[PDB]
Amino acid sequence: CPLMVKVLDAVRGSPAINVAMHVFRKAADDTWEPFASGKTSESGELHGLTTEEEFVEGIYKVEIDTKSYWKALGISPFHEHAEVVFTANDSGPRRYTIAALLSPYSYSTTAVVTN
């Protein structure tokens, strides 16, 4: 699949399991249209969000529901979610891995783009 997300928990030193995420794609009217969603597995990875055919060029937003993740663990974090907004496939099809590293008051995201 051309879009995968992996999430780590910097407090536990573990993959962040059951992190919900919603992907949106900017529509012609400049609105965010729902594109795909899912939750991380026990490996902290979310595979199978989309297909090469459906993952056309556009501007995508991956909302990672970090507040819902920390609150499900009984922790009150700072951010509502982590957002990753990027243009995809504008030079032809690519594979995107979006990594995220979570702490209650800090996070880091990184993209690995392969052809």
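Just count from 1 along the sequence shown to find any residue number.
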**OP:** Pick between 40 to 48 and 24 to 32: the one whose mean CA B-factor in the entry is higher.
**Re:** 24 to 32
**OP:** Using the B-factors recorded in the PDB entry, average over the C-alpha atoms of 85 to 93 and of 68 to 76, then report which stretch comes out higher.
**Re:** 68 to 76
Subject >> Residue of maximum C-alpha B factor among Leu8, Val5, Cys1, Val113, per deposited coordinates >> reply: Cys1
Subject >> Ranked C-alpha temperature factor of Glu53 among modelled chain residues, by third >> reply: highest
Original post:
With respect to C-alpha B-factor, does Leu102 fall in the lowest, middle or highest third of the chain as deposited?
Top reply: lowest
